[PDB]
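Given next, in structure tokens, is a single chain: the form deposited in one PDB entry.
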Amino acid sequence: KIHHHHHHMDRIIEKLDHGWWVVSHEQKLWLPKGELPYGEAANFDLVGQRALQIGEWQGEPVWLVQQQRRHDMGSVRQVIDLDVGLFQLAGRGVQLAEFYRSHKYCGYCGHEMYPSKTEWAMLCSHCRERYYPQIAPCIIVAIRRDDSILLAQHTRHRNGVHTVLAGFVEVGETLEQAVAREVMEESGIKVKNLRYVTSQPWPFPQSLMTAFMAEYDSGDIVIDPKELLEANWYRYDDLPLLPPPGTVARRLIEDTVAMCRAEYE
């Protein structure tokens, strides 16, 4: 057996407590004035509330409080301009609150559950089963073809933003099989020369991006219109509107562009 990480249990907040406060409910958190709350606990009417410590940021605790405020409840995407490591802790808070909420009852036997005192787990009052937060591994892949890169627009958001291909890994498959399968299903092409670049959590709602680069091998772009509005090869020096700087998708595109410059220029 491999064990999950040990963590401090929740407790009642006092006046002397302080830090960043991720006050969350149903995939949202409190952003008073569009900002992540920071300061002493009385400043935010949180003294007497239960809070879970979910991290530390530059000497200061990061706290999860499970409550819904009347106003200024938003997506964590609103504080994406924050330092990455802080943003990652705010996402952690949002996800942990959904974990707890998703586990009020035990799915094995239907009885009420209660938090573990030593780890981020839900224990059952009736049976021996338990659950840990669900992270959904997700591949994302920049596909290079000579001096070009495959960029797509999703049929969902008419943003005008052309990005790479992404999709959830399925049970029983490797990352490399997920890459190959998602690309096929989304665009009809077979890829080769897969290369892992990096990973990033992505709390929308609970993904872990595993980022790859790959080369065109064979096939015609045949897009699934339910997933994709369009997909085309764009030359490295002639790109459309891309994902923001900071996103793993922009990082992959830039990497691909950089090695087209090193070969064809």
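Don't overthink the numbering: it's just position in the shown sequence, from 1.
A.B. asks: Look up the CA B-factors in the entry and say which stretch, 149 to 157 or 191 to 199, has the higher mean.
C.D. replies: Higher of the two, by average CA B-factor, is 149 to 157.
A.B. asks: Taking only the CA atoms, which stretch has the higher mean B-factor in the record, 27 to 35 or 203 to 211?
C.D. replies: Higher of the two, by average CA B-factor, is 27 to 35.
A.B. asks: According to the PDB entry, is the CA B factor of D220 in the bottom, middle or top third of its chain, that is, lowest, middle or highest?
C.D. replies: Its C-alpha B-factor, which the entry lists for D220, ranks in the middle third among residues of this chain.
A.B. asks: Can you work out whether the C-alpha temperature factor of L123 puts it in the lowest, middle or highest third of the chain?
C.D. replies: For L123, the deposited C-alpha B-factor lands in the middle third.
A.B. asks: Test of reading the entry: by CA B factor among the chain's modelled residues, which third contains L241?
C.D. replies: It belongs to the middle third of the chain when residues are ordered by C-alpha B-factor.
A.B. asks: By the recorded C-alpha temperature factor, relative to the other modelled residues in its chain, which third is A166 in?
C.D. replies: As the PDB entry reports it, the C-alpha B-factor of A166 lands in the lowest third of its chain.
A.B. asks: Split into thirds by Cα B-factor across the chain's modelled residues, where does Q134 land: lowest, middle or highest?
C.D. replies: Answer is lowest: the recorded C-alpha B-factor places it there.
Although it is not shown, the form deposited in another entry is what the next lines describe.
A.B. asks: Can you say which of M184, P133, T198, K192 is at the hinge when one rigid part swings against the other between this form and the one not shown?
C.D. replies: Among the listed options, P133 lies at the hinge between this form and the one not shown.
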